[PDB]
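Summary of the model geometry
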Amino acid sequence: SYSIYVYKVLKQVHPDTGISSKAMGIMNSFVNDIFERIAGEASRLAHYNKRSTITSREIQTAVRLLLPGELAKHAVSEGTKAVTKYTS
Amino acid sequence: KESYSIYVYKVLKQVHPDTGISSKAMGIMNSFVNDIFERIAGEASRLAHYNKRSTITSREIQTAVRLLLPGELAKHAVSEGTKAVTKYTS
Amino acid sequence: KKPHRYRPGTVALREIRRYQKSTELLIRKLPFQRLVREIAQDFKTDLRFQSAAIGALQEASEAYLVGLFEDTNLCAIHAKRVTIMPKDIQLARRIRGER
Amino acid sequence: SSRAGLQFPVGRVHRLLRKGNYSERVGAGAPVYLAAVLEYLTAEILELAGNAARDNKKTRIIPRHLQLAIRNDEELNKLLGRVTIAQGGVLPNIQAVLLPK
Amino acid sequence: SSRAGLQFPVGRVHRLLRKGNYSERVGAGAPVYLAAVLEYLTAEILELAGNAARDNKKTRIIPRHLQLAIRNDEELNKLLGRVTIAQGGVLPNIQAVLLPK
Amino acid sequence: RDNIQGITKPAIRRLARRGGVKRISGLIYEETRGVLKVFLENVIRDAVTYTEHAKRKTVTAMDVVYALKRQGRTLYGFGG
DNA sequence: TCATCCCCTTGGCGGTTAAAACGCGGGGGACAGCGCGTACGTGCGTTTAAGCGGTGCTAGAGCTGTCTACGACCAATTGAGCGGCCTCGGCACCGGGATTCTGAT
DNA sequence: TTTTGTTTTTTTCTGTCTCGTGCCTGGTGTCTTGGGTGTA
DNA sequence: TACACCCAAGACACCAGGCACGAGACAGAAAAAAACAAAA
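Residues numbered from 1 in each chain as written, not as in the entry; some residues may be left out. Chains lettered and ligands numbered in written order. Part of a larger assembly, values for the part shown. Heavy atoms only, no water.

Remarks on the environment of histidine 65 of chain D
Residues and elements named next belong to chain D. Rules: Each helix is a run of H or I in the DSSP string that is no shorter than four residues. Each strand is a run of E no shorter than two, and both are numbered from the N terminus. Contacts were defined at the residue level, with two residues in contact if any of their heavy atoms lie within 4.5 Å. Pairs of N or O atoms are called polar contacts if they sit within 3.5 Å, as long as, within protein, a hydrogen donor faces a hydrogen acceptor (for residues adjacent in sequence, only side-chain-to-side-chain pairs).
Following the sequence through the fold, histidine 65 ends up in helix 3 (residues 63-72). With sequence-adjacent residues up to four places away left out, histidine 65 is seen in contact with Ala49, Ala52, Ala53, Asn56, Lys58 and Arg60. In this structure the side chain of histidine 65 is engaged in a polar contact, spanning 3.3 Å, whose partner is the backbone oxygen of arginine 60.

Details of the packing of aromatic side chains
Counted only if it meets this: For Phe, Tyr and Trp, rings pair up if their centres lie within 6.5 Å, where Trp contributes its six-membered ring, and each pair is then called stacked (planes under 30 degrees apart), edge-to-face (over 60) or tilted (otherwise). Think of it in three bands: residues with accessible area under 20% of the maximum for their type are buried, residues over 50% are exposed, and the middle band is partly exposed, with areas taken using a 1.4 Å probe on protein chains only.
Scanning all chains against the criterion turns up ten aromatic pairs over all chains. Consider the rings of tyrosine 2 of chain A and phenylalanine 8 of chain E, whose centres lie 5.7 Å apart with planes at 20 degrees: the pair is stacked. Of this pair, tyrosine 2 of chain A sits in the segment before helix 1 (3-13) while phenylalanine 8 of chain E is found in the segment before helix 1 (10-19), placing the two residues in two different chains. The class of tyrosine 2 of chain A is buried, set by a relative accessible area of 4%.

Observations regarding the pattern of salt bridges
Keep this limit in mind: Salt bridge, as used here: a side-chain nitrogen of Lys or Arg that lies within 4 Å of a carboxyl oxygen of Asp or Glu.
Considering all chains together, one arrives at 22 salt bridges over all chains under this definition. In this structure, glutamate 15 of chain C and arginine 13 of chain F form a salt bridge, with 2.6 Å as the shortest nitrogen-oxygen distance. In this pair, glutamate 15 of chain C is assigned in helix 1 (residues 10-21) and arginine 13 of chain F in helix 1 (residues 9-18), connecting two distinct chains. Among the residues examined, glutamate 15 of chain C registers a relative accessible area of 21% and is labelled partly exposed. Taking the shortest distance from any N to any O, the salt bridge between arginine 18 of chain F and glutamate 62 of chain C comes out at 3.7 Å. A residue pair is termed interchain when its members come from two chains, as with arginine 18 of chain F in helix 1 and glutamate 62 of chain C in helix 3 (residues 51-78).

Observations regarding the interface of chain F and chain E
Counted only if it meets this: Buried surface area refers to the total accessible area, computed with a probe of radius 1.4 Å, that the two partners give up upon joining, counted for both partners together. Strands are labelled as partners when DSSP assigns at least two bridges between them.
Across the boundary between the two partners, chain F contributes nine residues, which contact eight residues of chain E. Of the roughly 790 Å² buried where chain F meets chain E, counting both sides, 60% is carbon and sulfur surface. Contact with chain E buries surface across chain F, with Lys22, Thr74 and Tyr76 of chain F losing the most and accounting together for 54% of the total. At the boundary of chain F and chain E, one finds zero salt bridges. In this assembly, chain F and chain E are joined by four residue pairs in polar contact. Of the strand pairs in this sheet, strand 3 (residues 83-84) of chain E and strand 3 (residues 74-75) of chain F are connected by two bridges, and their pairing is parallel. Pairing of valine 83 of chain E across the sheet is with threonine 74 of chain F, part of strand 3 of chain F.

What follows is the structure, encoded as structure tokens:
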């Protein structure tokens, strides 16, 4: 599950703040739902373009279509930064 | 560009030998068939992924039809699917 | 001396604030569990249920009922009324797409 | 198609289910079941549309006929609740409060 | 995860995307992008929840804090419109017509 | 038998107070119970379908989550 | 090795626990009516940008060849999460002190 | 008591409907082998 | 979880009506008069 990762993210954004088990389960369910939504949108975008490979462009388009406005812009910027850091 | 216009016309001639269909109605029927196909396929894929199964059989399609179609429509579709499966297996 | 008596409207808003500040389950556990088991018995006999599933069902039902009550209060206020009526619930369920 | 007694294609449905990114393997009865369900739905919709066209004195099916056939049926309207039919219009329903007297 | 500077797992996301039956091939940038987006969303939600908890003199994030963080944010409420949070409650909103005149 | 009466008047009153309802009528409780029964039946039908598709006799929380997601009521905190 | 009493332990008939439907005091306003109020319904006159039909200009995806490198699949290597074990404390519940809208004067 | 919506009855061209018909593309037999169930 | 088993995926070889291109025609909107119940 995404328990240790959510805990590390919380410690990064709030060094003096805990999280209960129900909140951890809610965060894991939210992460899984976002994962499923973005994966389905990327698969649909790849099937609409006669493509059999999902790249970073499909995920960026899925994020721009799902997330609204500033959230989508910030997520796209973070994903582009992560991709440029991983490819280098 | 593939389409189910021929099969829709055949079904119409089967249910109404003296009745035509316009182009917009044909496109609407094609869109309806595509939407039903996509919905049932997605439901079957979800049912297969929930059970850790990599194969989609007639049971998954029957469950998808029972979950999507409501009541009498679902019952009639399940009966027709079972009859078609029995006729194809024999 | 006449004992204290609150006018119609004070304790109502007090309970509104109390139940909007707290997030506890307002529906009892045993009657809701019995109702869920009775409803599931009509579809398939001899069915077992886990605690997490019943809790999720209760939470979803409570959230849906809270949303429906919000829509009903909005419809009642829109009609220049304070008390909620079944017509407001019907209008809310018709606009939401349930009916 | 000919073995299952259905006019809809079985091989095309199987190919679309294989290349549709749904599962790693597709069974032999799943495309037949899906084609049978699609054929039943299409037959019901086309019969209702033909009845509506005969009630409108026309030997063709127009989007208005499809709309009048789908919106009139309860289960068909519940299945296609979030579906917008182009050039189909709405049902001629007028509230009793707006009527005179 | 270490090469991209992210806390979310990259190999796990890649394996999930490969086993989820979404496409025939999966690139190397798509899992990194998805993990980065998930990490940013989780960070925003956790920061808002921590702010809501500090506003209530609490050191542990409870579902009520998550509900107050999601409902107060406009973008988070638009993204999670049809999402129900268990044990989260609602916002303390009272209409003006119900107040004593 | 007749378990729909379990949702008594105080439960409906509390659920209305949570939604911001100040005054409640008399015919509200019956309609609320009916709508709750309809929603519970609509969810439990899909839950039982999902459970029977898995050849199981115990309705788990995952089946309820899937039935609520396939309808339009995404619920969190019940996937563990 | 293949018949009575009688002490009392297993069956079914009697007791407290946490809130609301009658029973009553009762009143704020929905319903129906009085009465004031003004924006445009419908018809006319007048003006115009969409409709239909051409008429002339211009680019970019559909489709066809060419070249390519990260994607898939194979043998070694390896590292911290899960399960489990051990430590530690935040606040729900208790009870009292301090604070506070609300009705009656 | 008189003016105005609603329903019935002629043709007449009018957008469309099935027939006539050629190319080929997807509509059928036959060998192999084997992996997804059938039943336990 | 185990042993068995049998029609499909693949591939070779052979074969038949759809579908769009025209055409004679086919039920119907319109053009227009004339006529009955209900509304104002």
